[PDB]
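K.L.:
One structure, pasted below without further comment.
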Amino acid sequence: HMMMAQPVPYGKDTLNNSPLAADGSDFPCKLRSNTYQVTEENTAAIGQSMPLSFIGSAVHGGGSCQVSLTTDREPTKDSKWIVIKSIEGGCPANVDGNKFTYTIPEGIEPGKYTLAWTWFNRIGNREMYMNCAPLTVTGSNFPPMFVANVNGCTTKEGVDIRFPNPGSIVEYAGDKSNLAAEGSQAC
Ligand SMILES: [Cl-]
Ligand SMILES: [Cu+]
């Protein structure tokens, strides 16, 4: 169980480290009282490295994550999300104990967006974690975001999944021996 600390999520005060409900009832963004309350607006220039960091009680052997954008500031189940980074393996970390960045790429227009971090844990229950944050891209090719484990598509335990459509910005941070094969079916 983990949650995003940077960028600062919407509704930080009520955001917990639980995965999305298995029945899809709180997709997207962990629908609740104040799902889309701006705690702190996050701001990024195109091409600027931005920190992506996480806190929680178990990394579940890592797994794979995406960072995605939508123009909707109150996304619904029908929102269009586009991927700007995939991390296949090693996300959010490899081990528990007492690192990542993203960049807004050329092709994203200045404006206000919602950013989502999504995570498919390697080990344990077949879950999807998702936290959303307000992002302003200052100044004012990208595939659809992968969804599994909350929509009847179930991933395989033990592997760092490869997203069918990872986009052109991909990082690998896990053990090569756990990485699913290129072209493998994720669910
Ligand atoms: Cl941990
Ligand atoms: Cu957990």
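Numbering starts at 1 and runs along the chain as it is shown here.
Using the three backbone atoms N, Cα and C, a Cβ is placed for every residue, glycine included.
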K.L.:
So one of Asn16, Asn98 should carry the feature N-linked glycosylation site according to Swiss-Prot; which one?
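P.N.:
Going through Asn16, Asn98 one by one, Swiss-Prot annotates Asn98 as N-linked glycosylation site.
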K.L.:
Check for me: which candidate out of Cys91, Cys187 does Swiss-Prot give as the disulfide partner of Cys153?
P.N.:
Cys187
K.L.:
Taking Swiss-Prot as the reference, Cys29 is linked by a disulphide to which residue in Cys91, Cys132?
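P.N.:
Partner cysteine, according to Swiss-Prot: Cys132.
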K.L.:
Counting across all protein chains present, how many other Cβ atoms fall within 10 Å of the Cβ of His1 (Cu(+) binding site)?
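P.N.:
There are 16 of them.
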K.L.:
Where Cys29 (disulfide bond) and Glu74 (Cu(+) binding site) are concerned, what is their Cα separation in Å, rounded?
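P.N.:
Their Cα atoms are separated by 9 Å.
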K.L.:
In whole Å, how far does the CA atom of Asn98 (N-linked glycosylation site) lie from that of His1 (Cu(+) binding site)?
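P.N.:
Cα of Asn98 (N-linked glycosylation site) to Cα of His1 (Cu(+) binding site) measures 15 Å after rounding.
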K.L.:
Across the 18 residues missing from the deposited entry, can you see how many angstrom lie between the CA of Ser140 and the CA of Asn141, as a whole number?
P.N.:
22
K.L.:
Which recorded positions of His1, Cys29, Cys153 contact ligand 2 in the sense of C-beta under 6 Å?
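P.N.:
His1, by Cβ distance under 6 Å.
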